[PDB]
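This report concerns only the one structure given below.
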Amino acid sequence: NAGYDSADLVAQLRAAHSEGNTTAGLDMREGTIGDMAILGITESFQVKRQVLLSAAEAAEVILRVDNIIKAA
Amino acid sequence: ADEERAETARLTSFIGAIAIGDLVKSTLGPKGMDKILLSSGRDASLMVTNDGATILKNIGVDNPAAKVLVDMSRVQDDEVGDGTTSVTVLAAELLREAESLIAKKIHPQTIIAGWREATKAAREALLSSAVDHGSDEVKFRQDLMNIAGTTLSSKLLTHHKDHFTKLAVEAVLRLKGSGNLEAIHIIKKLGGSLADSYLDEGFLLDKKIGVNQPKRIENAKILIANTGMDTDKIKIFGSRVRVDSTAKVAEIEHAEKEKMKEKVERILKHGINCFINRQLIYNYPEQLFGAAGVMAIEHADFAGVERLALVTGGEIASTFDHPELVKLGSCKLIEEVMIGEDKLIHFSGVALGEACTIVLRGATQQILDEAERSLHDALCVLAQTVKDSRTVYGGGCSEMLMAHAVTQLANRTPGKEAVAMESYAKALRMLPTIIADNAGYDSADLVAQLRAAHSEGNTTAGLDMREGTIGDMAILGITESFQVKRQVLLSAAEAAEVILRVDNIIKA
Amino acid sequence: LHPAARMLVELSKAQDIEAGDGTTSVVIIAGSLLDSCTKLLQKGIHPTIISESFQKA
Amino acid sequence: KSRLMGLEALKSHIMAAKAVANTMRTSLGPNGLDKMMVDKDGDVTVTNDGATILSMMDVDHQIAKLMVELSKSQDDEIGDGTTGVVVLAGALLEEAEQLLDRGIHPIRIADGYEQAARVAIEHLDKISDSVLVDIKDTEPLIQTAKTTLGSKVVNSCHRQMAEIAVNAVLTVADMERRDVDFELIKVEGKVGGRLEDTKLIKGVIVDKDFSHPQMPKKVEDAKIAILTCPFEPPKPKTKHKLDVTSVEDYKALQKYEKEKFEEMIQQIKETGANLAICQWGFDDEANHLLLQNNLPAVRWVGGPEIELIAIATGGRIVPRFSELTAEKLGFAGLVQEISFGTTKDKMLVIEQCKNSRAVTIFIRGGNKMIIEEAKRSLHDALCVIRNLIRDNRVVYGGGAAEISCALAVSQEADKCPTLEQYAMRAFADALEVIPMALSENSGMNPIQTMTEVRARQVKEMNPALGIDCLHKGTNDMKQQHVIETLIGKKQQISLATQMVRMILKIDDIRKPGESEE
Amino acid sequence: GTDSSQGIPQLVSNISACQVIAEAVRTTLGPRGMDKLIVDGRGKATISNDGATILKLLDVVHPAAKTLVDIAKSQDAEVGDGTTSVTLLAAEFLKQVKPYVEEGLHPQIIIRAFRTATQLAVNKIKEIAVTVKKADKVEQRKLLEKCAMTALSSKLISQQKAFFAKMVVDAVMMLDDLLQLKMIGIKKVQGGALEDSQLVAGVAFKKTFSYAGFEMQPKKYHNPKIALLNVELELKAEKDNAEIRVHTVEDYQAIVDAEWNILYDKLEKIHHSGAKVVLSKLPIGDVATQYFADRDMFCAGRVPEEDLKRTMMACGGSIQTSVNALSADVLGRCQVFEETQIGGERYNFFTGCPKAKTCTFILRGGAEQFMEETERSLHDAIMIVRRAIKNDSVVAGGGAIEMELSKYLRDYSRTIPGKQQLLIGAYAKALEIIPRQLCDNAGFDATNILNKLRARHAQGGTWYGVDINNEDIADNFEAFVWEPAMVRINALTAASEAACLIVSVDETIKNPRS
């Protein structure tokens, strides 16, 4: 979305999270990696658990219909 | 000139090596599905090939990218053994690996260094997975064997491979660090014996001595000659050419009979009943030599002289004239024997030792050829087994351990090159896939698990693709020199990395 | 003359030198084998798994 | 034919340079990528060198011929500087066309580049105008041959090559003459050697060795017989070879050739020269007679090379056997057949120390590429080192200077009411593609890369630090030691801008087609 | 069979094909003007700003296309300068009469009336012509210089001209008394000081072949007795090419010591017939050069015959296809022979020659492709400096006079016509196009500039004209932007008639019809 390097920054934030980094994330505002302490870009457990919820379902559920019968 | 550009040349560098990296890996891995080399391009024929170069080289290489791998994997094969199969596939695998990255355009700067580091990661992981079985000599014998076992395996040999299980190990041991055809002299000959091969005493040669020469000689003092006759020996008077009319055409062939006789005289000055030379004659001269008392033993094996000279204390040299410039040698007996339906003259009286002779009997030359090559790779890799007694478990265990240790390194160490470094690791796990189907067995449930399984520490355990099972690579003896395995890691990276650094091909 | 055609003439000639008889008979069971492979490869069964089946046969 | 003008040939101009420049800019520098290039002969040539790419190509247009030839000047002149002078020369066309597309007349834009090419070479002048001598430069020379040898990605331990290039150039190209001289450098080397095995042999090393090991393998100091005399088939310009057909014709052929060479080998040894180097060297029959008279001597030598043992050794010349005298002889410090550890490379040194008029670099490598690798490595080192030996003038390269040059002109552009400010802008704007294309070969963001240095060049106000030319992470032209002759830095400019100008004054094209090489 | 075609369709096919070839010349000849690249035939390439050079290399099918070929040459055979201008003008008329031929109206008087102003122009040209000879000094080296200054920068060099013009000065006077244009030959190099050319009366020599030591071979003579030689000296000299062989028995060692004799003979035939510097137009063999080295007599090979000729005219000597040198006039000599390297190549200077009106220039260009036009600027100056000498009266350059001549005709465009103002309006305008081509090919406003001149040409101004580097209004005569009046005169002669000629012809026969 920002037009920066996902390859580097992610694999950098992976180089951050390989060892694990619980304090930092990639700031698209800054364009560079940034704190998650609640640096302000740290977001509620409420959303980021449930956003993980619903689509995790649907994909495999999209997998679930091989058979589709379309009568239009 | 004609410049291939970034788009085509690299995708051409992609496809061509990948197009040649497909066939040998079917043959490859335990119970690898054989490639059938089809010769419709020279004769019209079928050829059954597990062999990389036989697949590779018998197909002339046109594409510039198909050049290097078939070239690099070839020397990798003559050097480190069975490199035509590995380095071709492995580089073609990495070329399969680069594409998504190249589809993502991972920088040609990034991929080379990324695969450069991950190459060490696997080489170190291979090293980490490499452990000496050669701690004790008998273990080292077995280590030589277990490593030769991975080298000698999966070939059309039957009693040869087993004959060279000991023979390489026997030669590699008594050479103390080497392997050679000087310690064991290969004689590949016809015979009723199919894969049967044994260690010869002295040496034998293929020919029959008829006419007036006795077929066996006792108290034979070998006079070694690099020099011999073509049936015509060039000298001052040997240049006579009388041919003008058709009568001189009739007279000229008869002068050859005049030429053959004086050649016998130069050997008589030496005064020996047994004269061996490296050159050959017809029957009609065979009629001349046994009459004069000096027996002509023709076309002596170059290795045969070396076979004796190493054991008998004789010297190897060149340009023989008189006995002094080439040291004499001694066979206890010069005799002709019946081998199958083949009638062969045979030298002996010296048994084994430093130099040995290995007689290879076969129904065809096919069963003979692999034996010298399977030994060729064995000797060098068992010479490598001396340098590193490290034997890391083959059949994917070495492979599936490396990509693992690469992975964690391929993760945090790069901030980017996980693109490359992980793609590297992927190729390491590709060889276990192209066998798993050849085993009929699932790659996936195997690989990611069984890697992690033994990457979580069951090292003896590994991939038995004979049965397709997760299997012990120790008791199966599927393990091989860390050297032979490290080296095929070395070349294929480049063969993939080199043509990656090639974004353009100019044609002058 | 075809990659799989050349093995046939061979296959025929061998049973002669193998037996002296059955020259046709080696080929009459050749296409017999050549069918079963399909349904297996049509079943999708791996050819080298199909391969040793011939031994087992 | 057709006269093709306006945008017609202006394309045919801007067309050719782009296909050319890009394989060069993808091969640009060490980060430049190594390009396998196969002939119609079916032979793989891996080229990371634009000049070698230029040597490999001939692209169809008259300029693409001349661009191959353009770098050759600075390749002869400066060595390094082959790739950059071209790749940017096409960027001007990009610049210029848009500028003509801006409506600016072609000769207008044509002139402003050269007009602005002053500060280009002039801003360079201010970095290092320095001059040092051989023993001083050898540190900057190896420091520059950190980059120049490493420009072929072979500098490792090759300060050997740098240091032998230090004393090679000053010998041949004097610091005081300030005239380009590589001629007395004798390029020598053999496949099978090592990169780590390389030698500067101040004398001349001839391929041929002693006719026998029984004859001594040492010829003493001086006393070398420089001659054109047959000891084997003479091989003049034209004569047909007839052989002997008879027995009675064969015998006497052996006696005569024995009878003359003895006397000749005698007379040569009687002349007092213990190495006979004969422009027509020895047959194998002359060797044993040479052993009969017991003289050390050399077999077949190239025709002019017997002069090369006359010039390089300071030995006064005897052309031929007929004139033999003890006064004029070939010289040698010590005559030895020398194996370097690879017997694949085996030479008989005719050694020169006191009077050496041809210095000989001996290069080695395992393969045809590896020598050539080390060859074009050191040879381009050799020339920059020559440039630095005359005047040791460097800059912090890789675009760190290109930005700093881009400051003044593009600034100085608007200072002028003149139309050429646009050219001057586009001039200074065309400069920065090198670190850009470098960063691309370096596998980085090229766009910020340039400005990273201008952010520096703001701060710096000078190239010292730079971006990564080596992809090693230290952003330097300084401690990364991107250091190259400021001469050749100025040679790319004048060659690039003024060639393009001459390309630009010609939109007038009579060819059967558009671009004809 | 044989073809012929009359008719306005062909007569316009005449004029159409006529204006096709002027395409080349209708770009070039200006400092910001253009050069021409003609790459013809086998891939042979040529860069010449001169039209009469390239035009004759270019294909001209038509009689009109071939008629304008000499028209450029007509000016080329005159000053060697201005071919493109005289050719550009002819096609302009055709654009101007193009209404009339599309009107279909051409009384043959129209072309017959072209000759009228053609005279009147070249009249007013030589009328307004002013001699530069007694105007500038006596030696007239400022005549030379201010014609050298402005004629160096009318193609390329406006900086070097400060340094070079004074050399373009003395080179003209020295060479002149001999009109040879070879003796001004300029020597390009690099590695010395670039954009610095030294005028040296002595001829530097590009090539000499000296080996077997360079310091045991004399490179300098203060009386070279110059061997000016067309002779090749071969590597090894055989006795025969037939009835001789090699090795089959005796001739093995017999030929060789005999092979040396002809070289012992012939290489000495230069020496005993006299020499010190041996200049051979053809190579010297290596053991032959060892010979010359052993003879301590300077040997040159592959020498250009022209360097021999400039020397030949410098020595009063001559070149020799014979190794025999039988006289000082068939041989050569100088009082200085010096080998030296300026720019890194061996020169052999013959200075203080018995004659030496040769002017050699050791020149260095700013770069590789940029180095050439300086010399072309040098000679072009040298040409019109000598042409300002070969014509005393030298008017304003940059098309200064034509504009007035247009109005001078715009006078008749008012004054003359019962009709012919149509001509006088057409005809005169074509004048102004040639300097217009400059503002054009330089990308500046001719009309503006030319008419800014015309407001002062309305004032009665004549030499008011364009300085063609800036393309700006000025007085070209005072700016010393110049060409002689005859050069102006010579132009209107051909270009007017070419239109007139091709108009008289509506019919071109093709006899072969092939």
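Chain labels A, B, ... are given in the sequence in which chains occur in the structure tokens; within each chain residues are numbered consecutively from 1, and ligands are likewise numbered from 1 in the order shown.
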
Per-residue nearest contacts chain D to chain B, cut-off 8 Å, using only C-alpha atoms, as a Markdown table:
```
| residue | atom | partner | partner_atom | distance |
| --- | --- | --- | --- | --- |
| D:23 | CA | B:504 | CA | 6.1 |
| D:26 | CA | B:503 | CA | 7.5 |
| D:31 | CA | B:109 | CA | 6.6 |
| D:33 | CA | B:501 | CA | 4.6 |
| D:34 | CA | B:501 | CA | 4.8 |
| D:35 | CA | B:502 | CA | 3.9 |
| D:36 | CA | B:502 | CA | 5.5 |
| D:37 | CA | B:505 | CA | 4.1 |
| D:38 | CA | B:507 | CA | 5.1 |
| D:39 | CA | B:508 | CA | 4.2 |
| D:40 | CA | B:508 | CA | 5.6 |
| D:41 | CA | B:508 | CA | 7.7 |
| D:42 | CA | B:62 | CA | 7.8 |
| D:44 | CA | B:64 | CA | 6.6 |
| D:46 | CA | B:502 | CA | 7.7 |
| D:53 | CA | B:506 | CA | 7.7 |
| D:56 | CA | B:508 | CA | 6.3 |
| D:57 | CA | B:1 | CA | 4.3 |
| D:58 | CA | B:1 | CA | 4.4 |
| D:59 | CA | B:1 | CA | 5.1 |
| D:60 | CA | B:1 | CA | 7.5 |
| D:245 | CA | B:239 | CA | 7.6 |
| D:246 | CA | B:240 | CA | 6.6 |
| D:247 | CA | B:237 | CA | 5.8 |
| D:250 | CA | B:236 | CA | 6.8 |
| D:251 | CA | B:236 | CA | 7.1 |
| D:440 | CA | B:107 | CA | 7.5 |
| D:441 | CA | B:109 | CA | 6.1 |
| D:442 | CA | B:109 | CA | 5.6 |
| D:443 | CA | B:107 | CA | 4.9 |
| D:444 | CA | B:107 | CA | 7.8 |
| D:471 | CA | B:109 | CA | 7.7 |
```

Show which residues sit within 9 Å of range 27-29 of chain A, as an MDAnalysis selection string. Count only C-alpha atoms, and ignore same-chain residues fewer than 4 positions away.
-> chainID A and resid 1:4 33:35 41

Can you write just those residues out, C-alpha atoms, as an mmCIF file, in the first residue's frame?
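In the end it all went to part00.cif:
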```
data_model
loop_
_atom_site.group_PDB
_atom_site.id
_atom_site.type_symbol
_atom_site.label_atom_id
_atom_site.label_comp_id
_atom_site.auth_asym_id
_atom_site.auth_seq_id
_atom_site.Cartn_x
_atom_site.Cartn_y
_atom_site.Cartn_z
ATOM 1 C CA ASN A 1 0.000 0.000 0.000
ATOM 2 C CA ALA A 2 2.863 2.360 0.812
ATOM 3 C CA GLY A 3 5.123 1.186 -1.998
ATOM 4 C CA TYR A 4 8.090 0.141 0.143
ATOM 5 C CA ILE A 33 10.098 -0.808 10.910
ATOM 6 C CA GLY A 34 8.689 0.535 14.164
ATOM 7 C CA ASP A 35 7.859 -0.307 17.751
ATOM 8 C CA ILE A 41 0.059 1.276 15.713
#
```

Picked from chain A by DSSP as helix (DSSP H, G or I), as number ranges by chain = A: 6-18, 45-64

Compute the chain B side of the contact with chain A at 10 Å, counting only C-alpha atoms, and hand it back as a PyMOL selection string.
-> chain B and resi 104+106+408-419

Residues as selected, N, CA, C and O atoms, written as a CSV table (one decimal), in the first residue's frame, can you do that?
```
chain,number,residue,atom,x,y,z
B,104,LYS,N,9.3,-12.3,-9.1
B,104,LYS,CA,9.3,-11.2,-8.1
B,104,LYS,C,10.4,-10.2,-8.4
B,104,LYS,O,10.5,-9.2,-7.7
B,106,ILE,N,13.7,-10.8,-7.7
B,106,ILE,CA,14.7,-10.7,-6.6
B,106,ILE,C,16.0,-10.4,-7.3
B,106,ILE,O,16.4,-11.0,-8.2
B,408,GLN,N,16.3,-21.8,9.4
B,408,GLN,CA,16.5,-20.9,10.5
B,408,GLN,C,17.5,-19.8,10.2
B,408,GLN,O,17.3,-18.6,10.4
B,409,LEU,N,18.7,-20.3,9.6
B,409,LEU,CA,19.6,-19.3,9.1
B,409,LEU,C,19.0,-18.5,7.9
B,409,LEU,O,19.2,-17.3,7.9
B,410,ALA,N,18.3,-19.2,7.0
B,410,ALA,CA,17.6,-18.4,5.9
B,410,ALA,C,16.6,-17.5,6.4
B,410,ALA,O,15.9,-16.8,5.6
B,411,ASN,N,16.3,-17.5,7.7
B,411,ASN,CA,15.2,-16.6,8.2
B,411,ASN,C,15.8,-15.3,8.8
B,411,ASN,O,15.7,-14.3,8.1
B,412,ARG,N,16.4,-15.4,10.0
B,412,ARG,CA,16.8,-14.1,10.6
B,412,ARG,C,18.0,-13.5,10.0
B,412,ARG,O,18.2,-12.3,10.0
B,413,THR,N,19.0,-14.4,9.6
B,413,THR,CA,20.2,-13.8,9.0
B,413,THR,C,19.9,-12.9,7.8
B,413,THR,O,20.5,-11.8,7.8
B,414,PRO,N,19.1,-13.3,6.8
B,414,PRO,CA,18.7,-12.2,5.9
B,414,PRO,C,17.6,-11.3,6.4
B,414,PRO,O,16.8,-11.7,7.2
B,415,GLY,N,17.7,-10.1,6.0
B,415,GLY,CA,16.5,-9.2,6.1
B,415,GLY,C,15.7,-9.2,4.8
B,415,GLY,O,14.6,-8.8,4.7
B,416,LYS,N,16.4,-9.8,3.8
B,416,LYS,CA,15.8,-9.9,2.4
B,416,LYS,C,16.0,-11.3,1.9
B,416,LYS,O,15.0,-12.0,1.6
B,417,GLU,N,17.3,-11.7,1.9
B,417,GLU,CA,17.7,-12.9,1.1
B,417,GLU,C,17.1,-14.2,1.5
B,417,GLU,O,17.4,-15.2,0.8
B,418,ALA,N,16.2,-14.2,2.5
B,418,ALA,CA,15.3,-15.3,2.6
B,418,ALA,C,14.6,-15.7,1.3
B,418,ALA,O,14.3,-16.9,1.0
B,419,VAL,N,14.4,-14.7,0.5
B,419,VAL,CA,14.0,-14.9,-0.9
B,419,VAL,C,14.9,-16.0,-1.5
B,419,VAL,O,14.5,-17.1,-1.9
```

If you count only C-alpha atoms, which residues fall within 9 Å of residue 307 in chain E, apart from same-chain ones fewer than 2 positions away, as a PyMOL selection string?
-> chain E and resi 182-183+203-206+303-305+309-312

So which bits of range 126-334 of chain B end up strand (DSSP E or B) when you DSSP the backbone, as a short mmCIF file (atom, residue, chain, number, x, y, z; two decimals) with N, CA, C and O atoms, in the first residue's frame?
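The resulting file, selection_20.cif, is reproduced below:
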```cif
data_model
loop_
_atom_site.label_atom_id
_atom_site.label_comp_id
_atom_site.auth_asym_id
_atom_site.auth_seq_id
_atom_site.Cartn_x
_atom_site.Cartn_y
_atom_site.Cartn_z
N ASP B 132 32.35 -38.71 11.05
CA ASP B 132 33.28 -39.75 10.63
C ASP B 132 32.79 -41.12 11.08
O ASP B 132 32.55 -41.36 12.26
N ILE B 184 44.91 -51.14 -8.89
CA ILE B 184 44.11 -52.22 -9.47
C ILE B 184 43.92 -51.95 -10.96
O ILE B 184 43.26 -50.99 -11.35
N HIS B 185 44.48 -52.82 -11.81
CA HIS B 185 44.46 -52.58 -13.24
C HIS B 185 43.26 -53.26 -13.88
O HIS B 185 43.17 -54.49 -13.92
N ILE B 186 42.34 -52.45 -14.39
CA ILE B 186 41.07 -52.93 -14.93
C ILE B 186 41.35 -53.58 -16.28
O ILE B 186 41.95 -52.96 -17.17
N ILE B 187 40.92 -54.82 -16.44
CA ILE B 187 40.85 -55.48 -17.74
C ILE B 187 39.40 -55.85 -17.99
O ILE B 187 38.86 -56.76 -17.34
N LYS B 188 38.76 -55.17 -18.93
CA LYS B 188 37.38 -55.44 -19.30
C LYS B 188 37.36 -56.31 -20.54
O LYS B 188 37.73 -55.85 -21.63
N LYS B 189 36.94 -57.56 -20.38
CA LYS B 189 36.99 -58.51 -21.49
C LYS B 189 35.68 -59.27 -21.56
O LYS B 189 34.88 -59.27 -20.62
N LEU B 190 35.48 -59.94 -22.69
CA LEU B 190 34.34 -60.81 -22.90
C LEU B 190 34.51 -62.10 -22.12
O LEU B 190 35.62 -62.47 -21.70
N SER B 197 34.06 -60.67 -11.68
CA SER B 197 35.36 -60.04 -11.84
C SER B 197 36.22 -60.40 -10.63
O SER B 197 35.72 -60.49 -9.51
N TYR B 198 37.51 -60.62 -10.87
CA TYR B 198 38.43 -61.00 -9.81
C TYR B 198 39.76 -60.27 -10.00
O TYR B 198 40.01 -59.64 -11.03
N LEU B 199 40.60 -60.36 -8.97
CA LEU B 199 41.88 -59.67 -8.95
C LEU B 199 42.95 -60.56 -9.59
O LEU B 199 43.27 -61.63 -9.06
N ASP B 200 43.50 -60.10 -10.71
CA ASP B 200 44.40 -60.93 -11.50
C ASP B 200 45.81 -60.94 -10.92
O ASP B 200 46.23 -60.00 -10.23
N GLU B 201 46.54 -62.01 -11.22
CA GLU B 201 47.96 -62.14 -10.88
C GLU B 201 48.75 -61.89 -12.15
O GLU B 201 48.44 -62.46 -13.21
N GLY B 202 49.78 -61.05 -12.06
CA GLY B 202 50.44 -60.58 -13.26
C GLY B 202 49.44 -59.81 -14.09
O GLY B 202 48.76 -58.92 -13.58
N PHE B 203 49.33 -60.13 -15.38
CA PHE B 203 48.26 -59.60 -16.20
C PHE B 203 48.03 -60.49 -17.41
O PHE B 203 48.92 -61.23 -17.83
N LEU B 204 46.83 -60.39 -17.97
CA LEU B 204 46.45 -61.14 -19.16
C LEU B 204 46.13 -60.19 -20.30
O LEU B 204 45.78 -59.03 -20.09
N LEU B 205 46.25 -60.72 -21.52
CA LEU B 205 46.01 -59.98 -22.75
C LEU B 205 45.17 -60.84 -23.67
O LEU B 205 45.23 -62.08 -23.59
N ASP B 206 44.40 -60.21 -24.55
CA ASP B 206 43.48 -60.95 -25.40
C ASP B 206 44.08 -61.15 -26.79
O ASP B 206 44.15 -60.20 -27.58
N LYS B 207 44.49 -62.39 -27.08
CA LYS B 207 45.01 -62.83 -28.37
C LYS B 207 45.39 -64.30 -28.25
O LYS B 207 45.61 -64.79 -27.14
N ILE B 217 55.50 -70.29 -22.09
CA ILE B 217 56.94 -70.16 -21.91
C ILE B 217 57.25 -70.19 -20.42
O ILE B 217 56.54 -69.58 -19.62
N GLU B 218 58.32 -70.89 -20.06
CA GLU B 218 58.78 -71.01 -18.68
C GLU B 218 60.10 -70.26 -18.52
O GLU B 218 60.86 -70.11 -19.49
N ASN B 219 60.36 -69.80 -17.30
CA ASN B 219 61.56 -69.01 -16.99
C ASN B 219 61.61 -67.77 -17.87
O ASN B 219 62.59 -67.50 -18.57
N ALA B 220 60.52 -67.01 -17.85
CA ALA B 220 60.38 -65.88 -18.75
C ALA B 220 60.93 -64.61 -18.11
O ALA B 220 60.41 -64.10 -17.11
N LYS B 221 61.99 -64.08 -18.72
CA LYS B 221 62.53 -62.78 -18.34
C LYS B 221 61.96 -61.74 -19.29
O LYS B 221 62.31 -61.73 -20.48
N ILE B 222 61.09 -60.88 -18.78
CA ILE B 222 60.35 -59.92 -19.60
C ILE B 222 61.30 -58.84 -20.09
O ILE B 222 61.96 -58.17 -19.29
N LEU B 223 61.37 -58.67 -21.40
CA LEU B 223 62.03 -57.52 -22.01
C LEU B 223 60.95 -56.55 -22.47
O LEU B 223 60.27 -56.81 -23.46
N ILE B 224 60.83 -55.45 -21.75
CA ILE B 224 59.74 -54.50 -21.92
C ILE B 224 60.10 -53.53 -23.03
O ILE B 224 61.20 -52.96 -23.05
N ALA B 225 59.17 -53.33 -23.96
CA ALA B 225 59.41 -52.44 -25.08
C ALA B 225 58.19 -51.57 -25.33
O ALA B 225 57.10 -52.07 -25.63
N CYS B 274 61.76 -64.17 -24.42
CA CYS B 274 60.51 -63.45 -24.25
C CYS B 274 60.73 -61.97 -24.48
O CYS B 274 61.34 -61.29 -23.65
N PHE B 275 60.21 -61.46 -25.59
CA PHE B 275 60.25 -60.04 -25.91
C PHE B 275 58.81 -59.54 -26.01
O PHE B 275 58.06 -59.99 -26.88
N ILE B 276 58.44 -58.62 -25.14
CA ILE B 276 57.11 -58.01 -25.18
C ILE B 276 57.24 -56.62 -25.77
O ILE B 276 58.18 -55.88 -25.44
N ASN B 277 56.31 -56.27 -26.65
CA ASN B 277 56.21 -54.93 -27.20
C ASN B 277 54.75 -54.49 -27.19
O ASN B 277 53.84 -55.30 -27.00
N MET B 295 60.70 -65.01 -29.31
CA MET B 295 59.25 -65.05 -29.37
C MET B 295 58.69 -63.64 -29.28
O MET B 295 59.02 -62.88 -28.37
N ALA B 296 57.82 -63.30 -30.23
CA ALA B 296 57.21 -61.98 -30.28
C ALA B 296 55.90 -62.03 -29.52
O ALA B 296 54.94 -62.66 -29.97
N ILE B 297 55.87 -61.36 -28.38
CA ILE B 297 54.66 -61.19 -27.58
C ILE B 297 54.19 -59.76 -27.79
O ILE B 297 54.84 -58.82 -27.32
N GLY B 329 61.95 -57.05 -16.54
CA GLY B 329 61.00 -57.54 -15.57
C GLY B 329 60.90 -59.05 -15.67
O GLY B 329 61.41 -59.67 -16.60
N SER B 330 60.24 -59.64 -14.67
CA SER B 330 60.20 -61.08 -14.55
C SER B 330 58.79 -61.57 -14.26
O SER B 330 58.18 -61.21 -13.25
N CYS B 331 58.27 -62.38 -15.18
CA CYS B 331 57.10 -63.19 -14.91
C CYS B 331 57.56 -64.61 -14.64
O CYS B 331 58.42 -65.15 -15.35
N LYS B 332 57.00 -65.22 -13.60
CA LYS B 332 57.28 -66.62 -13.33
C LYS B 332 56.89 -67.49 -14.51
O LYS B 332 57.62 -68.43 -14.87
N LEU B 333 55.76 -67.19 -15.15
CA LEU B 333 55.24 -67.99 -16.24
C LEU B 333 54.62 -67.08 -17.29
O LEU B 333 53.92 -66.12 -16.96
N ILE B 334 54.88 -67.40 -18.56
CA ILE B 334 54.17 -66.81 -19.69
C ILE B 334 53.38 -67.94 -20.33
O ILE B 334 53.95 -68.88 -20.89
#
```

All residues 10 Å or closer to range 142-144 of chain B, only C-alpha atoms, same chain fewer than 6 positions away omitted, as a PyMOL selection string = chain B and resi 132-136+150-151+165-166+168-170+172-173+378-379+381-386+389-391+477+479-481

Give as a ChimeraX atom specification every residue of chain D that touches chain E within 6 Å, counting only C-alpha atoms.
-> /D:105,179-180,236,239-243,253,304,307,310-311,317,319,494-495,498-499,505-506,508-511

Spatial neighbours of residue 150 in chain D, 10 Å, only C-alpha atoms, chain gap at least 6 places, as a PyMOL selection string | chain D and resi 29-30+144+156+158+374+377-378+381+470

Please, which residues in chain B fall within 8 Å of chain C when counting only C-alpha atoms, and what is the closest atom pair and distance in Å to one decimal for each, ordered by chain then residue number, as a tab-separated table?
```
residue	atom	partner	partner_atom	distance
B:33	CA	C:48	CA	6.0
B:38	CA	C:3	CA	7.0
B:44	CA	C:1	CA	7.8
B:45	CA	C:3	CA	7.0
B:46	CA	C:3	CA	6.5
B:437	CA	C:46	CA	7.0
B:438	CA	C:48	CA	6.2
B:439	CA	C:49	CA	7.0
B:440	CA	C:46	CA	5.6
```

Go ahead and write the selection's residues with N, CA and C atoms as a compact mmCIF listing (two decimals), in the first residue's frame.
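Saved as selection27.txt:
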```txt
# COMPACT_ATOMS: atom_id res chain seq x y z
N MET B 33 13.27 -43.81 -11.15
CA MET B 33 12.71 -44.31 -12.40
C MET B 33 13.68 -44.04 -13.54
N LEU B 38 16.81 -42.17 -25.86
CA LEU B 38 16.31 -42.53 -27.17
C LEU B 38 17.30 -42.01 -28.20
N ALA B 44 18.65 -45.11 -35.07
CA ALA B 44 17.31 -45.16 -34.49
C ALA B 44 17.32 -46.30 -33.48
N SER B 45 17.31 -45.96 -32.19
CA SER B 45 17.58 -46.95 -31.16
C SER B 45 17.01 -46.49 -29.82
N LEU B 46 16.93 -47.44 -28.90
CA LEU B 46 16.57 -47.23 -27.50
C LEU B 46 17.78 -47.49 -26.61
N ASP B 437 7.75 -39.75 -5.63
CA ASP B 437 6.92 -40.26 -6.71
C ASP B 437 7.54 -41.49 -7.37
N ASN B 438 8.86 -41.47 -7.61
CA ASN B 438 9.51 -42.65 -8.16
C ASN B 438 9.40 -43.82 -7.20
N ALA B 439 9.35 -43.53 -5.90
CA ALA B 439 9.00 -44.56 -4.93
C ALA B 439 7.50 -44.74 -4.84
N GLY B 440 6.73 -43.88 -5.52
CA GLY B 440 5.29 -43.92 -5.44
C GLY B 440 4.78 -43.28 -4.17
```
